[PDB]
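J.: coords below, sequence missing:
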Ligand SMILES: Nc1ncnc2c1ncn2[C@@H]1O[C@H](COP(=O)(O)OP(=O)(O)OP(=O)(O)O)[C@@H](O)[C@H]1O
């Protein structure tokens, strides 16, 4: 029962008041150390006898006391968006080769990513600069989020994710230090891979500057433009971006450097649609008599999200008939009808609104 | 999303709606708690909305049928006390292209006919009254012209 | 001058046919020609890999002699 006495004595040590944290700036002398608290005041204070030479550091966060503001222990500094960035997930592996097309985009994205990791020798011996970035835009077909994130999730602890909602951040919020942090940790984990999706809102041009909120978009831009075209070495880390249209990217992003390789997604083709139907027919049960050319021919110019989810819509029409294994006749009904209904809903392609 | 930028006043939400498409893309738990959406017009529609997680069933509701406009307005008028001898034949055919809200405009109008009102509705002309109120009535026709 | 030569790639044609489609083809667009050299898969980048980046662009037309026309 002495564990209670042990537990309460540990809570007696909890009577010790907590301290405050700050960032070291410089040092005037041994008895005065410039430290900037997270609030922004800067103090020059002494120190106690329990610390070492590793406490000083070149501008690293420290914990200031609440009385004399002296430093107790030092800890590594992070603003910690990254743990939130690593909270993503995705199956595959397999989903790499499941899309089926285009075969040239399947093989190339495997090279520019994996080859610099395993074989740097080809770059240094031939004397060529490997691509440090890439651009995958849409939606002329699917595979943007599927193929890129598959290698991401398979690369495990080495990856960086960016959602377009985190750039605006909060009122009078600072995303300029996020752009510098995103590329700072990109230079830590190697090779790092960064995904930026739906940049049309956060890629704001400075031609027409609305209200007070367009400039803070330009600030996040110029922070991206500086480090991607640096002057700061990104050669080992790979970057990826995504957008609906490259209208607002400006000559800065449309240029090479910051955006290196722009690979346009291609819609599924009758030859390639035969492969994507094989992977769709796996999870769904079918009748013993099935023809893959029937579904491929009846559905043309449809994205992979259209084909899959309508093939599940065919299963929802199949459960309307309660049959477990269903012939493709009931499928071709639900596949053609529901898909042709989707075509009269959204205008594009080809006509803009 | 319009065409050019910047900027739209709701652009913060038009990015969040596309973030919802990202939540329906990369986040598997978003397959739970189905969300229902409704719009007034499809004039502006995002092509990226196609998915099971994203907009899947999209229904075009046209102007209700003449028999449909009579059924929806009868369910609304079942509570009120109406004068007898309602054939339902003329009121259904007199309803053409009219929206369901304009049908309740006649239903809400049909609830005022009890007391006086004081204008004399009598009977069987009640439905065709507020039916013409929005798009009719001449007047002209001819005058000042041929 | 930076690439090892060991040429294996024609330095003649690049001053003729791509020179007509040059401009632009500005600056780091030539780095993409070097960034398209990772397509190989070969001991030395093929002559078509540099030209593939120079032909696309994804620009013009057509144009010049057709404008005269
Ligand atoms: N060929 C496919 N096979 C399996 N699933 C697919 C396929 N294409 C799309 N999907 C599903 O659709 C979702 C979105 O994929 P992706 O980002 O590649 O297309 P998208 O950009 O959403 O297309 P759109 O913009 O036309 O909706 C993914 O979560 C994926 O599960």
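T.: Received it, and whenever you're ready, just let me know what you need. Residues are numbered from 1 along each chain as shown, chains lettered A, B, ... in the order given.

J.: For the residue of the stretch 51-200 of chain A found nearest chain C, which non-adjacent residue is closest in space?
T.: Nearest to chain C, among the residues of the stretch 51-200 of chain A, is residue A:131, at 4.1 Å (CB to the nearest CB). C-beta: built from backbone N, CA, C; applies to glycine. Excluding its sequence neighbours, the residue lying closest to residue A:131 (CB to CB, 6 or more residues apart in numbering or on different chains) is residue C:35, at 4.1 Å.

J.: Just give the number of residues close to residue A:143.
T.: Close neighbours of residue A:143, defined as other CB atoms under 10 Å in any protein chain shown, add up to 27.

J.: in terms of contact, does it touch residue A:276 like I think?
T.: No - at 9.9 Å, residue A:143 does not count as touching residue A:276 under the criterion of CB atoms under 8 Å.

J.: overlap in contacts of the two?
T.: Common neighbours of residue A:143 and residue A:276 (criterion: CB atoms under 8 Å, 6 or more residues apart in numbering or on different chains): A:99, A:304.

J.: Distance from stretch A:48-59 to the middle of the chain?
T.: Stretch A:48-59 sits 36 Å away from the centroid of its parent chain (CA atoms, centre = their mean, to the nearest Å).

J.: circling back: measure the residue of the stretch 51-200 of chain A closest to chain C to chain B for me?
T.: Taking CB to the nearest CB, to the nearest Å as the measure, residue A:131 falls 24 Å from chain B.

J.: Report the contact partners of that residue.
T.: Residue A:131 makes contact with A:112, A:238, A:260, A:261, C:35, C:38, according to CB under 8 Å, 6+ apart.

J.: Show me which of those is closest to chain B.
T.: Distance ranking of the contacts of residue A:131 against chain B, using CB to the nearest CB, places residue A:238 first at 18.8 Å.

J.: contacting residues around the residue nearest to that closest one when sequence neighbours are not counted?
T.: In space, and not counting its chain neighbours, residue A:238 is closest to residue A:193: 5.1 Å by CB to CB, 6+ apart. Counting by CB under 8 Å, 6+ apart, residue A:193 touches A:113, A:148, A:151, A:152, A:155, A:158, A:159, A:160, A:237, A:238, A:239, A:240.

J.: Pop out the phi and psi values for residue A:193.
T.: Reported as degrees, to the nearest 10, the phi and psi values for residue A:193 are phi -130, psi 130.

J.: go on, residue A:261?
T.: Here residue A:261 shows phi and psi, under degrees, to the nearest 10, equal to phi -100, psi 120.

J.: for the one 4 residues further on, same thing?
T.: Note on residue A:265: backbone dihedrals following degrees, to the nearest 10 are phi -70, psi 140.

J.: Same check on residue A:23?
T.: phi -110, psi 130.

J.: what do you get for the one 10 residues further on?
T.: In this entry, residue A:33 is assigned phi and psi values of phi -120, psi 120 (degrees, to the nearest 10).

J.: Write down the beta-bridge partners of it, one by one.
T.: Here residue A:33 sits in beta bridges with residue A:27, residue A:45, going by DSSP bridges.

J.: Contacts only, for it.
T.: By CB under 8 Å, 6+ apart, residue A:33 lies in contact with A:24, A:27, A:44, A:45, A:46, A:47, A:56, A:71.

J.: Could you identify which of those has the most neighbours?
T.: residue A:71 (23 neighbours).

J.: wait, it sits on residue A:61?
T.: No - in this structure, residue A:71 is not within contact of residue A:61 by CB under 8 Å, at 10.2 Å.

J.: re the thing from before, ok now do the residue nearest to residue A:131, which residues does it touch?
T.: Counting by CB under 8 Å, 6+ apart, residue C:35 touches A:129, A:130, A:131, A:256, A:260, A:261, C:53.

J.: Check those residues for burial and list the buried ones.
T.: A:130, A:131, A:256, A:260, A:261, C:53 (16 or more other CB atoms under 10 Å in any protein chain shown).

J.: so where do the helices sit in the chain?
T.: Unless you meant another one, I'm taking chain A. Assigned by DSSP state H, the helices in chain A fall at A:2-13, A:82-85, A:95-98, A:103-118, A:121-126, A:144-154, A:165-168, A:176-186, A:215-228, A:250-254, A:270-280, A:292-298, A:304-320, A:328-343.

J.: actually chain C
T.: Remark: helices assigned in chain C by DSSP H are C:17-21, C:28-35, C:47-55, C:64-68.

J.: which one of the buried ones among the contacts of residue C:35 is nearest residue C:6?
T.: Nearest to residue C:6 out of those is residue A:130 (CB to CB; 18.7 Å).

J.: And that closest one, its phi and psi?
T.: phi -70, psi 150.

J.: I figured it hits residue C:37, correct?
T.: No - using CB under 8 Å, residue A:130 is not in contact with residue C:37; the gap is 9.1 Å.

J.: Contacts for the longest helix anywhere in chain B next, please.
T.: Longest helix in chain B by number of residues (criterion: DSSP H): helix B:11-26. Identification of contacts with helix B:11-26 by CB under 8 Å, 6+ apart yields A:88, A:90, A:145, A:149, A:163-165, A:168, A:197-198, A:201-202, B:1, B:5, B:8, B:30, B:46, B:48-49, B:51, B:53-54.

J.: Would you mind measuring from residue A:294 to the ligand?
T.: With distances taken as CB to the nearest ligand atom, to the nearest Å, residue A:294 is found 18 Å from the ligand.

J.: got it, and residue A:31?
T.: Per CB to the nearest ligand atom, residue A:31 is found 59 Å from the ligand.

J.: surely that residue meets residue A:46?
T.: Yes - shown here, residue A:31 and residue A:46 form a contact pair, counting by CB under 8 Å, at 5.3 Å.

J.: hang on, the earlier thing: winner for burial among the helices of chain C?
T.: Greatest average neighbour count among these goes to helix C:28-35 (a mean of 19), per mean count of other CB atoms under 10 Å in any protein chain shown.

J.: Figure out how far that one is from the centre of its chain.
T.: Per CA atoms, centre = their mean, the displacement of helix C:28-35 from the mean C-alpha position of its chain is 9 Å.

J.: what angle separates that helix from helix C:47-55?
T.: Orientation of helix C:28-35 against helix C:47-55 (axes from the mean of the first three to the mean of the last three CA atoms, to 10 degrees) gives an angle of 150 degrees.

J.: How many residues are close by the closest residue to residue A:225 other than its chain neighbours?
T.: Spatially, and ignoring its direct neighbours in sequence, residue A:225 is nearest to residue A:252 (5.0 Å; CB to CB, 6+ apart). Residue A:252 has 17 neighbours, counted by other CB under 10 Å.

J.: hang on, residue A:252 packs against residue A:223?
T.: No - with contact defined as CB under 8 Å, residue A:252 does not count as touching residue A:223 (11.9 Å).

J.: Give me the buried entries from the contacts of helix B:11-26.
T.: Neighbour counting with 16+ other CB under 10 Å marks A:88, A:90, A:145, A:149, A:163-165, A:168, A:197-198, A:201-202, B:1, B:5, B:30, B:46, B:48-49, B:51, B:53-54 as buried within the contacts of helix B:11-26.
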